[PDB]
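So the structure is just underneath, and the comments pick up after that.
FYI, it's all coordinate maths here, none of it is from the lab. Using ideal geometry, Cβ is built from the backbone for each residue, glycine included, and neighbour counts are taken over all protein chains shown.
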Amino acid sequence: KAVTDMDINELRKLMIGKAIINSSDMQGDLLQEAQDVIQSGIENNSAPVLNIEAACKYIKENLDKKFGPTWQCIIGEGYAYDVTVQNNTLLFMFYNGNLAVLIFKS
Amino acid sequence: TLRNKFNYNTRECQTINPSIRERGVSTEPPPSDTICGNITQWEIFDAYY
């Protein structure tokens, strides 16, 4: 039982609300506001089949009003990127399963 | 003789003026750094695990 009983397919099915943060470069108080908004927005726009474009459009509009005029966030199953951002303007957190989310302020 | 001290009084009036000063101010935005992040299914699963 426990970890041995658990399987990758089983783990994904068992928990869909688990939140994992891989890279943090933004102030913690700012991260708390951003994390609550992104999780709520993705679930609302997830629909029958998750849309990468749909999730980004909702996140981009919310972030621009929330902090600064030019805010760029990209979410993909797998990607390699080099990004130049302002100090404490980049937060990297990936959702449980094959979902990687990158949000930064330019 | 017609002009008299009581007959004509002269008063000097001036307006206070702040001294002109020259100051130089330079503004330069917060330093920005380049960040590269690669996300894979196994890496996401490992953090999740």
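From the list A:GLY97, A:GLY68, which one is of a type outside the set (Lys, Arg) and out of contact with any strand residue (DSSP E or B) (no Cβ under 9 Å at 6 or more places or on another chain)?
The unique qualifying residue is A:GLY97.
Please verify whether region A:27-48 includes one or more residues that are out of contact with any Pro (no Cβ under 8 Å at 6 or more places or on another chain), of a type outside the set (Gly, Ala, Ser), buried (at least 16 other Cβ atoms within 10 Å of the Cβ) and assigned to a strand (DSSP E or B).
The answer is no; no qualifying residue exists.
In region A:51-59, is there at least one residue being of a type in the set (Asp, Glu) and assigned to a loop (DSSP other than H, G, I, E, B)?
Checked against the condition, which is being of a type in the set (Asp, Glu) and assigned to a loop (DSSP other than H, G, I, E, B), region A:51-59 yields no hits at all.
For the subset of region A:58-72 comprising residues that are free of Cβ contacts under 8 Å to residues at least 12 places away in the same chain and surrounded by 12 or more Cβ atoms within 10 Å (Cβ to Cβ), which member is nearest to A:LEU99 (Cα to Cα)?
A:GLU61
Find the residue count for region A:86-96, including only residues that are crowded, with 20+ Cβ neighbours inside 10 Å and facing chain B (nearest Cβ under 7 Å).
Residues that pass the stated criteria total 2.
Please go through region B:1-41 and give me each residue that is exposed (fewer than 10 other Cβ atoms within 10 Å of the Cβ) and at the interface with chain A (Cβ under 10 Å from one of its Cβ atoms), ordered by number.
Of everything in region B:1-41, those that are exposed (fewer than 10 other Cβ atoms within 10 Å of the Cβ) and at the interface with chain A (Cβ under 10 Å from one of its Cβ atoms) turn out to be B:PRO29, B:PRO30, B:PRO31, B:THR34, B:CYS36.
Quick one: in region A:1-15, of everything that is assigned to a loop (DSSP other than H, G, I, E, B) and away from chain B (no Cβ under 11 Å), which residue is surrounded by the fewest Cβ atoms within 10 Å (Cβ to Cβ)?
A:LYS1
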